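Text of model-v7.txt (compact mmCIF, N, CA and C atoms) as supplied:
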# COMPACT_ATOMS: atom_id res chain seq x y z
N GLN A 34 -46.70 8.06 -40.62
CA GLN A 34 -47.13 7.75 -41.99
C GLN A 34 -46.69 8.81 -43.00
N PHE A 35 -47.60 9.72 -43.35
CA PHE A 35 -47.41 10.78 -44.32
C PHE A 35 -47.11 12.07 -43.56
N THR A 36 -46.12 12.88 -43.98
CA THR A 36 -45.95 14.16 -43.30
C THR A 36 -46.68 15.27 -44.04
N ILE A 37 -47.84 15.64 -43.51
CA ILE A 37 -48.63 16.69 -44.13
C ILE A 37 -48.19 18.00 -43.51
N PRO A 38 -47.89 19.03 -44.32
CA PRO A 38 -47.51 20.33 -43.74
C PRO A 38 -48.67 21.04 -43.06
N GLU A 39 -48.34 22.18 -42.45
CA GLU A 39 -49.30 23.06 -41.82
C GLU A 39 -50.26 23.65 -42.87
N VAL A 40 -51.48 23.98 -42.45
CA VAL A 40 -52.43 24.71 -43.29
C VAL A 40 -51.85 26.14 -43.36
N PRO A 41 -51.50 26.71 -44.53
CA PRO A 41 -50.90 28.07 -44.50
C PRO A 41 -51.89 29.15 -44.09
N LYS A 42 -51.38 30.31 -43.66
CA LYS A 42 -52.16 31.49 -43.31
C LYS A 42 -53.02 31.89 -44.50
N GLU A 43 -52.42 31.85 -45.71
CA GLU A 43 -53.11 32.20 -46.96
C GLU A 43 -53.62 30.94 -47.64
N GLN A 44 -54.90 30.66 -47.41
CA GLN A 44 -55.53 29.47 -48.01
C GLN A 44 -56.12 29.88 -49.36
N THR A 45 -55.28 29.88 -50.39
CA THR A 45 -55.64 30.36 -51.71
C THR A 45 -56.22 29.30 -52.64
N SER A 46 -56.21 28.04 -52.19
CA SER A 46 -56.73 26.86 -52.87
C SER A 46 -55.75 26.16 -53.83
N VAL A 47 -54.57 26.72 -54.04
CA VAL A 47 -53.53 26.07 -54.82
C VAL A 47 -52.27 26.11 -53.99
N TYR A 48 -51.68 24.92 -53.76
CA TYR A 48 -50.49 24.81 -52.91
C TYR A 48 -49.42 24.12 -53.70
N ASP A 49 -48.44 24.87 -54.16
CA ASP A 49 -47.41 24.34 -55.03
C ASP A 49 -46.12 24.21 -54.29
N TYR A 50 -45.81 22.98 -53.87
CA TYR A 50 -44.57 22.66 -53.14
C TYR A 50 -43.53 22.05 -54.06
N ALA A 51 -43.78 22.05 -55.38
CA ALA A 51 -42.89 21.43 -56.35
C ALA A 51 -42.37 22.39 -57.40
N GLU A 52 -42.57 23.71 -57.19
CA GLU A 52 -42.01 24.76 -58.06
C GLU A 52 -42.50 24.63 -59.50
N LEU A 53 -43.73 24.16 -59.70
CA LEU A 53 -44.23 23.88 -61.04
C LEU A 53 -44.79 25.07 -61.79
N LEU A 54 -45.66 25.80 -61.14
CA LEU A 54 -46.44 26.85 -61.80
C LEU A 54 -45.74 28.16 -61.93
N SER A 55 -46.08 28.90 -63.00
CA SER A 55 -45.65 30.29 -63.08
C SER A 55 -46.55 31.05 -62.10
N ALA A 56 -46.16 32.27 -61.70
CA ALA A 56 -47.01 33.02 -60.78
C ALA A 56 -48.38 33.28 -61.41
N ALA A 57 -48.40 33.60 -62.71
CA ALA A 57 -49.67 33.88 -63.38
C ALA A 57 -50.55 32.62 -63.48
N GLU A 58 -49.95 31.46 -63.76
CA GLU A 58 -50.76 30.24 -63.80
C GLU A 58 -51.34 29.94 -62.43
N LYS A 59 -50.56 30.14 -61.35
CA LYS A 59 -51.05 29.88 -60.01
C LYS A 59 -52.22 30.79 -59.69
N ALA A 60 -52.08 32.10 -59.98
CA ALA A 60 -53.18 33.03 -59.67
C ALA A 60 -54.44 32.72 -60.47
N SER A 61 -54.29 32.32 -61.74
CA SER A 61 -55.45 31.99 -62.58
C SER A 61 -56.16 30.75 -62.05
N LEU A 62 -55.36 29.73 -61.66
CA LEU A 62 -55.94 28.48 -61.15
C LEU A 62 -56.63 28.71 -59.81
N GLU A 63 -56.05 29.57 -58.95
CA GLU A 63 -56.70 29.88 -57.68
C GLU A 63 -58.05 30.52 -57.95
N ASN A 64 -58.10 31.51 -58.87
CA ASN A 64 -59.37 32.16 -59.14
C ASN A 64 -60.40 31.14 -59.63
N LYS A 65 -59.98 30.26 -60.54
CA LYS A 65 -60.89 29.25 -61.10
C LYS A 65 -61.44 28.32 -60.02
N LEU A 66 -60.56 27.82 -59.14
CA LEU A 66 -61.02 26.92 -58.08
C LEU A 66 -61.96 27.59 -57.12
N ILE A 67 -61.68 28.85 -56.79
CA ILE A 67 -62.55 29.57 -55.85
C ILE A 67 -63.90 29.79 -56.48
N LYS A 68 -63.96 30.15 -57.78
CA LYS A 68 -65.27 30.38 -58.41
C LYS A 68 -66.06 29.08 -58.56
N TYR A 69 -65.40 28.00 -59.03
CA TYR A 69 -66.07 26.72 -59.12
C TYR A 69 -66.56 26.26 -57.74
N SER A 70 -65.74 26.41 -56.67
CA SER A 70 -66.13 25.99 -55.33
C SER A 70 -67.36 26.76 -54.88
N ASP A 71 -67.37 28.08 -55.14
CA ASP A 71 -68.49 28.90 -54.72
C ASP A 71 -69.79 28.47 -55.37
N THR A 72 -69.79 28.33 -56.71
CA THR A 72 -71.03 28.02 -57.42
C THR A 72 -71.56 26.63 -57.21
N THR A 73 -70.66 25.67 -56.91
CA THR A 73 -71.07 24.27 -56.69
C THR A 73 -71.23 23.89 -55.22
N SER A 74 -71.00 24.84 -54.29
CA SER A 74 -71.10 24.59 -52.85
C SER A 74 -70.12 23.49 -52.41
N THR A 75 -68.90 23.55 -52.96
CA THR A 75 -67.85 22.60 -52.64
C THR A 75 -66.61 23.35 -52.19
N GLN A 76 -65.55 22.62 -51.84
CA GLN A 76 -64.26 23.23 -51.57
C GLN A 76 -63.24 22.44 -52.37
N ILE A 77 -62.81 23.01 -53.52
CA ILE A 77 -61.88 22.34 -54.45
C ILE A 77 -60.50 22.93 -54.30
N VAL A 78 -59.52 22.08 -54.07
CA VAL A 78 -58.14 22.52 -53.86
C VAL A 78 -57.18 21.68 -54.71
N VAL A 79 -56.04 22.28 -55.07
CA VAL A 79 -54.97 21.60 -55.79
C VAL A 79 -53.71 21.65 -54.93
N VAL A 80 -53.08 20.48 -54.75
CA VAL A 80 -51.80 20.36 -54.05
C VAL A 80 -50.80 19.73 -55.01
N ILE A 81 -49.62 20.34 -55.16
CA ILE A 81 -48.56 19.79 -56.00
C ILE A 81 -47.36 19.56 -55.07
N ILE A 82 -46.92 18.31 -54.98
CA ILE A 82 -45.75 17.97 -54.17
C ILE A 82 -44.71 17.29 -55.04
N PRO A 83 -43.43 17.27 -54.63
CA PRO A 83 -42.46 16.58 -55.46
C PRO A 83 -42.75 15.07 -55.59
N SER A 84 -43.10 14.41 -54.48
CA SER A 84 -43.24 12.96 -54.47
C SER A 84 -44.07 12.47 -53.29
N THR A 85 -44.59 11.21 -53.38
CA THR A 85 -45.30 10.63 -52.23
C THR A 85 -44.33 9.85 -51.35
N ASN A 86 -43.03 9.83 -51.71
CA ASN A 86 -42.01 9.13 -50.92
C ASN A 86 -42.36 7.63 -50.75
N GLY A 87 -42.92 7.03 -51.81
CA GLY A 87 -43.28 5.62 -51.85
C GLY A 87 -44.69 5.31 -51.33
N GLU A 88 -45.36 6.31 -50.75
CA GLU A 88 -46.70 6.07 -50.22
C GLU A 88 -47.75 6.05 -51.32
N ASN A 89 -48.88 5.42 -51.04
CA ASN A 89 -49.97 5.34 -51.99
C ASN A 89 -50.60 6.74 -52.12
N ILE A 90 -50.64 7.25 -53.36
CA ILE A 90 -51.13 8.62 -53.59
C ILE A 90 -52.60 8.85 -53.17
N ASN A 91 -53.45 7.83 -53.33
CA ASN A 91 -54.85 7.97 -52.96
C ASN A 91 -54.99 8.08 -51.45
N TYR A 92 -54.21 7.29 -50.70
CA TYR A 92 -54.25 7.35 -49.26
C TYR A 92 -53.59 8.62 -48.73
N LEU A 93 -52.54 9.10 -49.42
CA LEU A 93 -51.93 10.35 -49.03
C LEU A 93 -52.93 11.50 -49.21
N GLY A 94 -53.59 11.54 -50.37
CA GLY A 94 -54.57 12.59 -50.61
C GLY A 94 -55.69 12.57 -49.58
N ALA A 95 -56.14 11.38 -49.18
CA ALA A 95 -57.20 11.25 -48.16
C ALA A 95 -56.71 11.80 -46.81
N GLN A 96 -55.45 11.47 -46.44
CA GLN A 96 -54.87 11.97 -45.20
C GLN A 96 -54.74 13.48 -45.24
N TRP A 97 -54.33 14.00 -46.38
CA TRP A 97 -54.18 15.44 -46.57
C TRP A 97 -55.53 16.15 -46.44
N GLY A 98 -56.55 15.67 -47.14
CA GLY A 98 -57.90 16.23 -47.11
C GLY A 98 -58.48 16.24 -45.71
N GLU A 99 -58.26 15.15 -44.96
CA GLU A 99 -58.73 15.04 -43.59
C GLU A 99 -58.00 16.04 -42.68
N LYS A 100 -56.65 16.08 -42.75
CA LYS A 100 -55.86 16.98 -41.90
C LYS A 100 -56.20 18.46 -42.09
N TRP A 101 -56.37 18.89 -43.34
CA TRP A 101 -56.65 20.28 -43.64
C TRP A 101 -58.13 20.64 -43.56
N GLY A 102 -58.96 19.65 -43.28
CA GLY A 102 -60.40 19.83 -43.18
C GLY A 102 -61.05 20.30 -44.46
N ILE A 103 -60.52 19.81 -45.60
CA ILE A 103 -61.06 20.20 -46.90
C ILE A 103 -62.50 19.76 -47.01
N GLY A 104 -63.36 20.75 -47.23
CA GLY A 104 -64.80 20.55 -47.34
C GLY A 104 -65.55 20.60 -46.03
N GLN A 105 -64.84 20.80 -44.90
CA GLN A 105 -65.51 20.82 -43.59
C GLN A 105 -66.50 21.95 -43.40
N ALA A 106 -66.26 23.12 -44.03
CA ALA A 106 -67.20 24.25 -43.93
C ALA A 106 -68.31 24.15 -44.99
N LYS A 107 -68.23 23.12 -45.85
CA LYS A 107 -69.16 22.90 -46.95
C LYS A 107 -69.84 21.51 -46.91
N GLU A 108 -70.18 21.01 -45.69
CA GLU A 108 -70.88 19.74 -45.48
C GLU A 108 -70.20 18.55 -46.18
N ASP A 109 -68.88 18.41 -45.96
CA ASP A 109 -68.03 17.35 -46.51
C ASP A 109 -68.05 17.28 -48.05
N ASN A 110 -68.16 18.46 -48.70
CA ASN A 110 -68.12 18.56 -50.17
C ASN A 110 -66.70 18.99 -50.60
N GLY A 111 -65.67 18.37 -50.02
CA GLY A 111 -64.29 18.68 -50.36
C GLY A 111 -63.82 17.87 -51.55
N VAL A 112 -62.98 18.49 -52.38
CA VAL A 112 -62.37 17.83 -53.54
C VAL A 112 -60.91 18.25 -53.51
N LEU A 113 -60.00 17.27 -53.38
CA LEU A 113 -58.58 17.58 -53.37
C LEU A 113 -57.91 16.91 -54.57
N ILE A 114 -57.26 17.70 -55.44
CA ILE A 114 -56.49 17.19 -56.56
C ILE A 114 -55.04 17.22 -56.06
N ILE A 115 -54.39 16.04 -55.96
CA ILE A 115 -53.01 15.99 -55.50
C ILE A 115 -52.11 15.39 -56.55
N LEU A 116 -51.12 16.18 -57.00
CA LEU A 116 -50.17 15.78 -58.01
C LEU A 116 -48.81 15.55 -57.35
N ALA A 117 -48.25 14.32 -57.47
CA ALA A 117 -46.88 14.01 -57.02
C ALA A 117 -46.06 14.12 -58.31
N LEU A 118 -45.53 15.32 -58.54
CA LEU A 118 -44.89 15.68 -59.79
C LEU A 118 -43.78 14.76 -60.30
N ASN A 119 -42.77 14.49 -59.45
CA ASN A 119 -41.66 13.63 -59.88
C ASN A 119 -42.11 12.20 -60.10
N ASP A 120 -43.15 11.77 -59.35
CA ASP A 120 -43.70 10.42 -59.45
C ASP A 120 -44.59 10.24 -60.67
N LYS A 121 -45.01 11.36 -61.30
CA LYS A 121 -45.93 11.38 -62.44
C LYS A 121 -47.25 10.71 -62.09
N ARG A 122 -47.73 10.96 -60.87
CA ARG A 122 -48.98 10.38 -60.41
C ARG A 122 -49.88 11.44 -59.85
N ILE A 123 -51.17 11.24 -59.98
CA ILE A 123 -52.15 12.20 -59.51
C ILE A 123 -53.35 11.46 -58.95
N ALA A 124 -54.00 12.04 -57.94
CA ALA A 124 -55.20 11.49 -57.35
C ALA A 124 -56.23 12.59 -57.12
N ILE A 125 -57.50 12.20 -57.10
CA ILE A 125 -58.60 13.10 -56.75
C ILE A 125 -59.28 12.50 -55.53
N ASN A 126 -59.26 13.21 -54.43
CA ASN A 126 -59.89 12.74 -53.21
C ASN A 126 -61.18 13.48 -52.95
N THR A 127 -62.24 12.77 -52.58
CA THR A 127 -63.54 13.41 -52.41
C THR A 127 -64.11 13.16 -51.04
N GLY A 128 -64.77 14.17 -50.48
CA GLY A 128 -65.50 13.99 -49.24
C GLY A 128 -66.75 13.20 -49.54
N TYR A 129 -67.43 12.69 -48.51
CA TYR A 129 -68.66 11.91 -48.68
C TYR A 129 -69.78 12.65 -49.42
N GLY A 130 -69.88 13.96 -49.25
CA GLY A 130 -70.92 14.78 -49.88
C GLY A 130 -70.97 14.87 -51.39
N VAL A 131 -69.83 14.73 -52.08
CA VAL A 131 -69.81 14.82 -53.56
C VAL A 131 -69.48 13.52 -54.25
N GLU A 132 -69.14 12.49 -53.47
CA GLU A 132 -68.76 11.17 -53.98
C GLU A 132 -69.82 10.53 -54.89
N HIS A 133 -71.11 10.90 -54.75
CA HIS A 133 -72.14 10.31 -55.60
C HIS A 133 -72.02 10.74 -57.06
N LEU A 134 -71.54 11.98 -57.30
CA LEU A 134 -71.34 12.48 -58.67
C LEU A 134 -69.91 12.23 -59.06
N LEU A 135 -68.95 12.61 -58.19
CA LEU A 135 -67.54 12.41 -58.44
C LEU A 135 -67.12 11.08 -57.81
N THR A 136 -67.58 9.95 -58.40
CA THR A 136 -67.27 8.58 -57.94
C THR A 136 -65.81 8.26 -58.22
N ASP A 137 -65.28 7.16 -57.67
CA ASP A 137 -63.92 6.73 -57.97
C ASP A 137 -63.78 6.53 -59.50
N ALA A 138 -64.79 5.97 -60.18
CA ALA A 138 -64.79 5.75 -61.63
C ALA A 138 -64.67 7.07 -62.37
N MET A 139 -65.46 8.09 -62.01
CA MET A 139 -65.41 9.40 -62.66
C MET A 139 -64.10 10.11 -62.41
N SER A 140 -63.57 10.04 -61.18
CA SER A 140 -62.27 10.64 -60.89
C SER A 140 -61.19 9.97 -61.71
N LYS A 141 -61.22 8.62 -61.84
CA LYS A 141 -60.26 7.89 -62.64
C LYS A 141 -60.39 8.28 -64.10
N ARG A 142 -61.63 8.47 -64.59
CA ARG A 142 -61.87 8.88 -65.96
C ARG A 142 -61.27 10.27 -66.20
N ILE A 143 -61.48 11.22 -65.27
CA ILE A 143 -60.92 12.56 -65.40
C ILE A 143 -59.39 12.45 -65.47
N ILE A 144 -58.80 11.63 -64.59
CA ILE A 144 -57.35 11.48 -64.65
C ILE A 144 -56.89 10.93 -65.98
N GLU A 145 -57.56 9.87 -66.47
CA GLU A 145 -57.15 9.22 -67.71
C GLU A 145 -57.38 10.08 -68.95
N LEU A 146 -58.57 10.67 -69.07
CA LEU A 146 -58.99 11.34 -70.31
C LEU A 146 -58.83 12.82 -70.33
N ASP A 147 -58.85 13.45 -69.16
CA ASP A 147 -58.76 14.91 -69.11
C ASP A 147 -57.40 15.41 -68.70
N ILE A 148 -56.79 14.82 -67.69
CA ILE A 148 -55.51 15.33 -67.17
C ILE A 148 -54.29 14.71 -67.84
N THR A 149 -54.22 13.37 -67.81
CA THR A 149 -53.05 12.65 -68.30
C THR A 149 -52.67 13.02 -69.74
N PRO A 150 -53.59 13.23 -70.68
CA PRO A 150 -53.15 13.57 -72.06
C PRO A 150 -52.32 14.86 -72.08
N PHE A 151 -52.64 15.84 -71.22
CA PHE A 151 -51.84 17.07 -71.14
C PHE A 151 -50.46 16.74 -70.56
N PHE A 152 -50.41 15.90 -69.52
CA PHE A 152 -49.12 15.53 -68.93
C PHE A 152 -48.25 14.82 -69.99
N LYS A 153 -48.85 13.92 -70.82
CA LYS A 153 -48.09 13.22 -71.88
C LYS A 153 -47.50 14.19 -72.90
N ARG A 154 -48.18 15.33 -73.14
CA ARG A 154 -47.72 16.37 -74.05
C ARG A 154 -46.77 17.36 -73.35
N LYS A 155 -46.37 17.09 -72.08
CA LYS A 155 -45.47 17.99 -71.34
C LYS A 155 -46.14 19.35 -71.12
N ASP A 156 -47.38 19.27 -70.65
CA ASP A 156 -48.19 20.42 -70.31
C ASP A 156 -48.83 20.16 -68.96
N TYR A 157 -48.00 20.11 -67.91
CA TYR A 157 -48.51 19.82 -66.57
C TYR A 157 -49.46 20.88 -66.05
N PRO A 158 -49.16 22.19 -66.18
CA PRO A 158 -50.13 23.19 -65.71
C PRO A 158 -51.45 23.12 -66.49
N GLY A 159 -51.38 22.84 -67.78
CA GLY A 159 -52.57 22.68 -68.61
C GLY A 159 -53.42 21.51 -68.16
N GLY A 160 -52.77 20.42 -67.72
CA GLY A 160 -53.52 19.26 -67.23
C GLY A 160 -54.26 19.56 -65.94
N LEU A 161 -53.64 20.34 -65.03
CA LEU A 161 -54.33 20.72 -63.80
C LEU A 161 -55.51 21.61 -64.09
N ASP A 162 -55.33 22.55 -65.04
CA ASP A 162 -56.40 23.46 -65.41
C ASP A 162 -57.58 22.69 -66.01
N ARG A 163 -57.29 21.75 -66.93
CA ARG A 163 -58.38 20.96 -67.49
C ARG A 163 -59.01 20.06 -66.42
N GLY A 164 -58.22 19.55 -65.49
CA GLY A 164 -58.76 18.73 -64.42
C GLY A 164 -59.77 19.51 -63.59
N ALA A 165 -59.47 20.78 -63.29
CA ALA A 165 -60.42 21.61 -62.54
C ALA A 165 -61.72 21.78 -63.35
N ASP A 166 -61.59 22.04 -64.65
CA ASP A 166 -62.78 22.20 -65.49
C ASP A 166 -63.60 20.92 -65.56
N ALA A 167 -62.93 19.76 -65.65
CA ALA A 167 -63.63 18.48 -65.74
C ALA A 167 -64.36 18.16 -64.43
N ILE A 168 -63.75 18.49 -63.29
CA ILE A 168 -64.39 18.31 -62.00
C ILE A 168 -65.64 19.22 -61.96
N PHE A 169 -65.53 20.47 -62.42
CA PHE A 169 -66.69 21.36 -62.46
C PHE A 169 -67.78 20.77 -63.36
N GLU A 170 -67.39 20.22 -64.52
CA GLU A 170 -68.39 19.58 -65.39
C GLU A 170 -69.12 18.45 -64.66
N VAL A 171 -68.39 17.58 -63.96
CA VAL A 171 -69.02 16.46 -63.25
C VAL A 171 -69.98 17.01 -62.19
N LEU A 172 -69.55 18.04 -61.45
CA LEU A 172 -70.37 18.59 -60.36
C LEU A 172 -71.64 19.24 -60.86
N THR A 173 -71.63 19.74 -62.10
CA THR A 173 -72.78 20.45 -62.67
C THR A 173 -73.56 19.65 -63.71
N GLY A 174 -73.27 18.34 -63.84
CA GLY A 174 -74.00 17.49 -64.79
C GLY A 174 -73.72 17.82 -66.25
N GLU A 175 -72.48 18.27 -66.56
CA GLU A 175 -72.10 18.63 -67.92
C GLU A 175 -70.92 17.83 -68.42
N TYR A 176 -70.52 16.76 -67.70
CA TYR A 176 -69.39 15.96 -68.16
C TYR A 176 -69.84 15.04 -69.27
N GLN A 177 -69.02 14.97 -70.33
CA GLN A 177 -69.39 14.23 -71.53
C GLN A 177 -68.80 12.83 -71.63
N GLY A 178 -68.02 12.43 -70.64
CA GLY A 178 -67.43 11.09 -70.64
C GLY A 178 -68.12 10.16 -69.64
Output the structure of this file as structure tokens.
Amino acid sequence: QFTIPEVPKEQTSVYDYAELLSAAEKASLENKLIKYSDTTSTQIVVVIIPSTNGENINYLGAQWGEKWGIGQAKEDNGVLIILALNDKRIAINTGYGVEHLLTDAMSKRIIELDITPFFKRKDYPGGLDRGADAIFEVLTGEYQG
């Protein structure tokens, strides 16, 4: 099906396989995801790949989250943001533990209203950064949409 790579030695929470981020943007986003994950008792990760190679992005993200055990040390409170850069598609995959707040509707809303407007303005790193903030808002009962 999907070829998911190995879990790297350095699990920094941001995995950029599409050469998108500057080193400083990557380090800032890693810090943000780690702090949000800590305070919300979740495991939030960002994966950027060139393409899904024709596969469904939501099913790829689910396979990726399962393979890497995202949220396994946090009672299935995993959140995976997966961007297929060349495909211009993004998905948010959630473990069973956070799905009640971060529903498919809320994840779709974050993609539509929080992330995609940055991508339309040619600000892909900015869209990922706002996506992390919007996920934190949903997890903490502060989302306004």
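Residues with any atom within 8 Å of region 34-41 of chain A, counting only C-alpha atoms and excluding same-chain neighbours fewer than 4 positions away, are residues 88, 93, 96, 97, 100 and 101 of chain A.
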Just want the 7 Å neighbourhood of region 120-122 of chain A, counted on all atoms listed in the file, with same-chain residues fewer than 3 positions away dropped. Output as a tab-separated table (two decimals) with N, CA and C atoms, in the coordinates of the input.
chain	number	residue	atom	x	y	z
A	83	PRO	N	-43.43	17.27	-54.63
A	83	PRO	CA	-42.46	16.58	-55.46
A	83	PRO	C	-42.75	15.07	-55.59
A	84	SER	N	-43.10	14.41	-54.48
A	84	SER	CA	-43.24	12.96	-54.47
A	84	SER	C	-44.07	12.47	-53.29
A	85	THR	N	-44.59	11.21	-53.38
A	85	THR	CA	-45.30	10.63	-52.23
A	85	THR	C	-44.33	9.85	-51.35
A	90	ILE	N	-50.64	7.25	-53.36
A	90	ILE	CA	-51.13	8.62	-53.59
A	90	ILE	C	-52.60	8.85	-53.17
A	115	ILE	N	-54.39	16.04	-55.96
A	115	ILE	CA	-53.01	15.99	-55.50
A	115	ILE	C	-52.11	15.39	-56.55
A	116	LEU	N	-51.12	16.18	-57.00
A	116	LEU	CA	-50.17	15.78	-58.01
A	116	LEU	C	-48.81	15.55	-57.35
A	117	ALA	N	-48.25	14.32	-57.47
A	117	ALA	CA	-46.88	14.01	-57.02
A	117	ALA	C	-46.06	14.12	-58.31
Fill in: Which of region 42-149 of chain A DSSP labels strand (DSSP E or B), written as a ChimeraX atom specification
/A:47-49,76-82,111-117,122-127
Could you turn the residues from that selection into a file that holds N, CA and C atoms, as an mmCIF file, in the frame of the given file?
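Everything below was put into result14.cif:
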data_model
loop_
_atom_site.group_PDB
_atom_site.id
_atom_site.type_symbol
_atom_site.label_atom_id
_atom_site.label_comp_id
_atom_site.auth_asym_id
_atom_site.auth_seq_id
_atom_site.Cartn_x
_atom_site.Cartn_y
_atom_site.Cartn_z
ATOM 1 N N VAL A 47 -54.570 26.720 -54.040
ATOM 2 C CA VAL A 47 -53.530 26.070 -54.820
ATOM 3 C C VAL A 47 -52.270 26.110 -53.990
ATOM 4 N N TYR A 48 -51.680 24.920 -53.760
ATOM 5 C CA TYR A 48 -50.490 24.810 -52.910
ATOM 6 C C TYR A 48 -49.420 24.120 -53.700
ATOM 7 N N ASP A 49 -48.440 24.870 -54.160
ATOM 8 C CA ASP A 49 -47.410 24.340 -55.030
ATOM 9 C C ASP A 49 -46.120 24.210 -54.290
ATOM 10 N N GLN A 76 -65.550 22.620 -51.840
ATOM 11 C CA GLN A 76 -64.260 23.230 -51.570
ATOM 12 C C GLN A 76 -63.240 22.440 -52.370
ATOM 13 N N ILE A 77 -62.810 23.010 -53.520
ATOM 14 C CA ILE A 77 -61.880 22.340 -54.450
ATOM 15 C C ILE A 77 -60.500 22.930 -54.300
ATOM 16 N N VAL A 78 -59.520 22.080 -54.070
ATOM 17 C CA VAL A 78 -58.140 22.520 -53.860
ATOM 18 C C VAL A 78 -57.180 21.680 -54.710
ATOM 19 N N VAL A 79 -56.040 22.280 -55.070
ATOM 20 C CA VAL A 79 -54.970 21.600 -55.790
ATOM 21 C C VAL A 79 -53.710 21.650 -54.930
ATOM 22 N N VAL A 80 -53.080 20.480 -54.750
ATOM 23 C CA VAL A 80 -51.800 20.360 -54.050
ATOM 24 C C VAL A 80 -50.800 19.730 -55.010
ATOM 25 N N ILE A 81 -49.620 20.340 -55.160
ATOM 26 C CA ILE A 81 -48.560 19.790 -56.000
ATOM 27 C C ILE A 81 -47.360 19.560 -55.070
ATOM 28 N N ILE A 82 -46.920 18.310 -54.980
ATOM 29 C CA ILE A 82 -45.750 17.970 -54.170
ATOM 30 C C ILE A 82 -44.710 17.290 -55.040
ATOM 31 N N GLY A 111 -65.670 18.370 -50.020
ATOM 32 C CA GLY A 111 -64.290 18.680 -50.360
ATOM 33 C C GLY A 111 -63.820 17.870 -51.550
ATOM 34 N N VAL A 112 -62.980 18.490 -52.380
ATOM 35 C CA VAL A 112 -62.370 17.830 -53.540
ATOM 36 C C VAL A 112 -60.910 18.250 -53.510
ATOM 37 N N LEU A 113 -60.000 17.270 -53.380
ATOM 38 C CA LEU A 113 -58.580 17.580 -53.370
ATOM 39 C C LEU A 113 -57.910 16.910 -54.570
ATOM 40 N N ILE A 114 -57.260 17.700 -55.440
ATOM 41 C CA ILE A 114 -56.490 17.190 -56.560
ATOM 42 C C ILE A 114 -55.040 17.220 -56.060
ATOM 43 N N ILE A 115 -54.390 16.040 -55.960
ATOM 44 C CA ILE A 115 -53.010 15.990 -55.500
ATOM 45 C C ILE A 115 -52.110 15.390 -56.550
ATOM 46 N N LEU A 116 -51.120 16.180 -57.000
ATOM 47 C CA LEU A 116 -50.170 15.780 -58.010
ATOM 48 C C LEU A 116 -48.810 15.550 -57.350
ATOM 49 N N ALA A 117 -48.250 14.320 -57.470
ATOM 50 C CA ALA A 117 -46.880 14.010 -57.020
ATOM 51 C C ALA A 117 -46.060 14.120 -58.310
ATOM 52 N N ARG A 122 -47.730 10.960 -60.870
ATOM 53 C CA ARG A 122 -48.980 10.380 -60.410
ATOM 54 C C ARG A 122 -49.880 11.440 -59.850
ATOM 55 N N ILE A 123 -51.170 11.240 -59.980
ATOM 56 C CA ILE A 123 -52.150 12.200 -59.510
ATOM 57 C C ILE A 123 -53.350 11.460 -58.950
ATOM 58 N N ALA A 124 -54.000 12.040 -57.940
ATOM 59 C CA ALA A 124 -55.200 11.490 -57.350
ATOM 60 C C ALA A 124 -56.230 12.590 -57.120
ATOM 61 N N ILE A 125 -57.500 12.200 -57.100
ATOM 62 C CA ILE A 125 -58.600 13.100 -56.750
ATOM 63 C C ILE A 125 -59.280 12.500 -55.530
ATOM 64 N N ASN A 126 -59.260 13.210 -54.430
ATOM 65 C CA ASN A 126 -59.890 12.740 -53.210
ATOM 66 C C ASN A 126 -61.180 13.480 -52.950
ATOM 67 N N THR A 127 -62.240 12.770 -52.580
ATOM 68 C CA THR A 127 -63.540 13.410 -52.410
ATOM 69 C C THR A 127 -64.110 13.160 -51.040
#
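Considering the residues A:172, A:148, A:118, A:54 and counting all atoms listed in the file, residue 82 (chain A) has its shortest atom-to-atom contact with A:118.
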message: Considering only helix (DSSP H, G or I) as DSSP defines it on the backbone, what residues of chain A qualify? List them as a count of residues only.
response: 65
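Nearest residue to residue 133 (chain A) among A:46, A:110, A:73, A:64 is A:110, counting only C-alpha atoms.
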Surrounding residues of residue 65 (chain A) excluding itself and chain neighbours under 4 positions, 9 Å, only C-alpha atoms, as an MDAnalysis selection string: chainID A and resid 60:61 69:70 162 165:166
note - atom N of residue 79 (chain A) and CA of residue 48 (chain A) are separated by 6.5 Å
Which centre and which edge lengths, in Å to one decimal, describe the axis-aligned box that holds all listed atoms of region 150-168 of chain A after 3 Å is added on each side, as AutoDock Vina command-line options?
--center_x -55.6 --center_y 18.3 --center_z -68.0 --size_x 26.2 --size_y 16.2 --size_z 18.1
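Take the candidates A:147, A:173, A:128, A:103 and check each one against residue 160 (chain A) using only N, CA and C atoms; the shortest distance goes to A:147.
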Of A:154, A:66, A:104, A:89, the one nearest to residue 167 (chain A) when counting only C-alpha atoms is A:66
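Going from CA of residue 52 (chain A) over to atom C of residue 80 (chain A), you cover 10.6 Å.
Pairwise distance (atom C of residue 123 (chain A), CA of residue 144 (chain A)) equals 7.0 Å.
Distances to residue 51 (chain A) were evaluated for A:77, A:68, A:119, A:87 using all atoms listed in the file, and the minimum falls at A:119.
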Residue 107 (chain A): which residues within 8 Å, counting only N, CA and C atoms, same-chain residues fewer than 5 positions away excluded, as a ChimeraX atom specification?
-> /A:74-76,102,130
With N, CA and C atoms kept, could you save the residues just selected as a CSV table (one decimal), keeping the file's coordinate frame?
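Heads up, here's the output in out_18.csv:
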chain,number,residue,atom,x,y,z
A,74,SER,N,-71.0,24.8,-54.3
A,74,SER,CA,-71.1,24.6,-52.8
A,74,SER,C,-70.1,23.5,-52.4
A,75,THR,N,-68.9,23.6,-53.0
A,75,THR,CA,-67.8,22.6,-52.6
A,75,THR,C,-66.6,23.4,-52.2
A,76,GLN,N,-65.6,22.6,-51.8
A,76,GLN,CA,-64.3,23.2,-51.6
A,76,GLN,C,-63.2,22.4,-52.4
A,102,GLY,N,-59.0,19.6,-43.3
A,102,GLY,CA,-60.4,19.8,-43.2
A,102,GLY,C,-61.0,20.3,-44.5
A,130,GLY,N,-69.9,14.0,-49.2
A,130,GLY,CA,-70.9,14.8,-49.9
A,130,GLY,C,-71.0,14.9,-51.4
